[PDB]
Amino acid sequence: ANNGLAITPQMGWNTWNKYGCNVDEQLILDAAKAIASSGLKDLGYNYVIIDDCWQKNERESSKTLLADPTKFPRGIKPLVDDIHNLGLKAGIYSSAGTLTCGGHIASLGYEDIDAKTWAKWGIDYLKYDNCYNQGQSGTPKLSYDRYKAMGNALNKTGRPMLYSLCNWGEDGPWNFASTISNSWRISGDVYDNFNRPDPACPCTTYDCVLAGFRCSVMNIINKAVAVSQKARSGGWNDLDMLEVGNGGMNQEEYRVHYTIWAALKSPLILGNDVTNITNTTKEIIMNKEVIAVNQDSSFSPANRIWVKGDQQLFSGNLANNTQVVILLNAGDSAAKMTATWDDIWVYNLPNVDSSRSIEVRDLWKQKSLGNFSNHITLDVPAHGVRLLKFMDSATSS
């Protein structure tokens, strides 16, 4: 959407994974202070998003929906003021249905009223779910009209609010939602697992009528590669929250997860604990050079160039004629992987000079690997990535 927001993908943190329905004012305020104090804020993670279970049990006579008075004894607005004081922005969650996924009151048919409430509170960001939608889906037009009702509602408040769709790829939001929202979930929810299939996440492709949840990292990657082509500044594919630090994956698996989310220009919303961040977690989420790929001014997702057995190659443009290249090894053992210049710049063929000498930097290690021509061969860990920046292009005029 052309609303001045999400010019690059949004970055932030969300209450759900850590706090769930135990979310309250004090936990949110402590997390926001940890986000600021740890350095995450200055790295770019500036949205603090209050997920499901903030809601009071019933709407007011006035029809507005206030926050639970026990969890939020001052109401939401004074909490948002405290977040704003930290130099952070505040997000809120609802659903495009009668109820949220957690069974709380949601916004279908109350879009104007709820948007007005959030604007009054100082909310800067809405995550808008797809539970209990009363059969208002199944065609792009049905889903469009329902999400457009809230998009219009937000707009009319006059307050800029980042509009994050959460409809799990149903009816193709990469087609229908691109001018009316800032980002759209493309799949069922990720879980803290690298590649285990699950019956609650039956779909393996972008084309899905039951998005579900418990979708592995690899499941989501195979869906994302089809829809990257639709992503633009202000309008991103959302691969769901980052699981880094939660413990169900190893470090190389988290590195893969973070790398691909970053390079495909997903929003980078932390779905973890920010109050006790281990060195292992900091290594993955606080690398400025990797963040700079996600936040790159060319606004282009990396493309998947090939799949060879369990190996995958990604390649994308970055600013100033540079290139991001990712070797991904989905196999159970470490492997030597090779990227050729003709593959890295495949879409430019035949206008590629394979003999061109180019400096390659390893962005995780934050070191130059030196100059290479023709191809590069590197060790890639099991379930692992090597994330490379080419400091020039082999493309011929």
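Heads up: residue numbers just count along the shown sequence, starting at 1.
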Of the two stretches 317-325 and 221-229, which shows the higher Cα B-factor on average in the entry?
317-325
If you average the CA temperature factors over each stretch, which comes out higher, 142-150 or 269-277?
269-277
Out of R255, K71, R185, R196, which residue has the highest Cα temperature factor in the PDB record?
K71
Sorting the chain's modelled residues by C-alpha B-factor and splitting them into thirds places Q134 in the lowest
Would the CA B-factor of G247 place it in the lowest, middle or highest third of its chain?
middle
With respect to C-alpha B-factor, does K116 fall in the lowest, middle or highest third of the chain as deposited?
highest
Sort the modelled residues of this chain by their C-alpha B factor and say whether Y19 lands in the lowest, middle or highest third.
highest
Could you place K156 in the lowest, middle or highest third of its chain by Cα temperature factor, using the values in the record?
highest
